[PDB]
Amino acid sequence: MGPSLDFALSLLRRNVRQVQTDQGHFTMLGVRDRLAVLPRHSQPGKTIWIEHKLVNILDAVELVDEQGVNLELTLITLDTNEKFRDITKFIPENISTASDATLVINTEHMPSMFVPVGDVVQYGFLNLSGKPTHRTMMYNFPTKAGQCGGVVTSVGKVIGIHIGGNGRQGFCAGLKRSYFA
């Protein structure tokens, strides 16, 4: 098996988890220690269902930029037994585009699912169901409901978290390493 498949399957084993909130099914990315990230609209509460058990949430942070604009990412500290494998080194230091990225999804409904979104380009502002959002990127792929939280990856780099689409295109919140320092 080659390196790209190996890397994505290793994410799925160690960092990319099937979850459920009151809003439904999402992919969760565990980044390090007991810190994970989810799309803001998943609206995690005091507890979250992770794979096979209810986990308590000790803290949630909704990220906004200096202008007070939604970034569509919530950082959760979990009451988990184990630390996540630390993947902050794979998250670029600034929001980065990519070529021929793969969207990796892991939900009870869409388990271990690989979506060939293709090139990922700068997009910036995005009106997400009436919510103004910054620091997004775009792929010309018809992504669908249930894919939010999906991890946008390319060549060993973890660069986005899927957050929406319009039936022709998909958008992610961009990831940068400072979010998890």
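Residues carry their position along the shown sequence, with the first being 1.
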Stretch with the greater mean C-alpha B-factor as recorded in the entry, comparing 119 to 127 against 146 to 154: 119 to 127
Mean Cα B-factor comparison, 95 to 103 or 72 to 80, giving the higher one as deposited: 95 to 103
Assigned third (lowest, middle, highest) for the C-alpha B factor of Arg168: highest
Modelled-residue ranking by C-alpha temperature factor, third containing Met137: highest
Relative C-alpha B-factor of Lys53, binned into the chain's lowest, middle or highest third: highest
Chain-relative CA temperature factor third for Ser42: middle
Third assignment of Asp65 from its chain's C-alpha B-factors: highest
